[PDB]
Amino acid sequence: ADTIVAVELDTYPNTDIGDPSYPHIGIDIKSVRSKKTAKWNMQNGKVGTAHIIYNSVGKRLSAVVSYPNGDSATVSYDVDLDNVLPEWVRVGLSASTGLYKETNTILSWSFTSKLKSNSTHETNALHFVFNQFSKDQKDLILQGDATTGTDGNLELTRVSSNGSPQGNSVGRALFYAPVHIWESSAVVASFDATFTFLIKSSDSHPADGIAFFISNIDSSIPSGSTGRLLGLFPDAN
């Protein structure tokens, strides 16, 4: 079982897995059962924006999803992610479909991590921005059904050439470089990710969702990780 820290955009209410009875954002530490959730008025076929932020001083991971009509949901959780994450990690995006299905299209993705040790404004830092994904995107490690098509969009799960999503699909995009999320003597580690998405469905019950995740370097899509496990977890412990 890989280590996973994630912010999950859960579109399908699995009440078997302990998911509230509505779509929701959640914060997941090493389990699909969120540590904290908030109700999320998913808007069909609209372009949504997610922001994940964490600084290691206040030790609070936060997320906010928002749609252009003004509506948004926030969730936040307290943890020393240094306790739970390895020094070095990859970061990425995950999505999945089940019997219910939905476009898991990523239009934009950006990330910044910064390690500020004990000195004069000299920081280890990494910052990347993707607003156009391209067929051959050599700095993404695509896994599963994820393709970065020619439309400038990351499709984390399968889609027909006719705009209909495929069920039973799992996909993920990881930055190629490992990220220095922490190190022993590190007074401030902090990161933040934004991504824009289009989750659209002809279904009543689009499913399932998209997630920003951090896991160890040679993280692969774990088996039995589709639909409700959003490509992150092998099972639902």
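A residue's number is simply how far along the shown sequence it sits, counting from 1.
The PDB entry records a higher mean C-alpha B factor for 160 to 168 than for its counterpart among 160 to 168 and 123 to 131.
As the entry records it, the average C-alpha temperature factor is higher for 195 to 203, out of 195 to 203 and 48 to 56. Highest CA B-factor among the listed residues (94, 118, 110, 113): 118. When the CA B factors of the chain's modelled residues are split into thirds, the value for residue 4 lands in the lowest one. Residue 26 sits in the lowest third of its chain by CA B factor, as recorded in the PDB entry.
Remark: residue 151 belongs to the highest third of its chain, ranked by C-alpha B-factor as recorded.
Annotation for residue 214: C-alpha temperature factor in the lowest third relative to the rest of the modelled chain, per the entry. Among the modelled residues of its chain, residue 139 has a C-alpha B-factor that falls in the middle third, as given in the PDB entry.
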